[PDB]
């Protein structure tokens, strides 16, 4: 494999996978992936990421604790919402994404109980055998969060290289106190979780094709 071809395969090949098989990723592969991900750059080489990887019985207890917290409305999010977050084209993109996702799931926006069933499964990591919880410093702001994103993408691409499917999930960060309590983590903020393992390629949700805006919408070249 030539480098240019490999980058295209990894970058386009990585997709948000929402249905996994139960098979675990070998421990040596997980070590190789997370070691590689640590090579992400960051402001001043600060490497602000603290990553909690959960498997087996601990992963099962964590999934049940998230389902229970969600049922009890114990929302404990570390990052507040900012008014007007998605205006204009950002809102159009979110609406189009939601439309494609629900169409692949075979659910209509008015089918509340089916949306509930789907979201309960999301808290069970879509059946993934592993989850990586991406913790950040208590004083995380835009620059540190940018580095958390550099790391998240490095990790997802290293996973893709090993045939490991992933789903980045902001949803898991909405129950940060539950994750911290389960894992014994103190004084860190939870930005997102990444469910991972091997994709169930028979699931219609994994057939969803999410477009991108393209150069004219995002990029300008000047000289």
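Numbering follows the first chain given and starts at 1.
With 44-52 and 24-32 compared on mean CA B-factor from the PDB entry, the stretch scoring higher is 24-32. When the two stretches 82-90 and 113-121 are set side by side, the higher mean Cα temperature factor goes to 82-90. When the C-alpha B-factors of 127, 149, 137, 106 are ranked from the entry, the top spot goes to 106.
When all modelled residues of the chain are sorted by CA temperature factor, residue 204 is found within the highest third. In the PDB entry, a CA B factor belonging to the lowest third of its chain's modelled residues is recorded for residue 133. Ranked by C-alpha B-factor against the other modelled residues of its chain, residue 168 falls in the lowest third. Looking at the C-alpha B-factors along this chain, the one for residue 178 belongs to the middle third.
In this PDB entry, the Cα temperature factor of residue 184 sits in the top third of its chain's modelled residues, the highest group.
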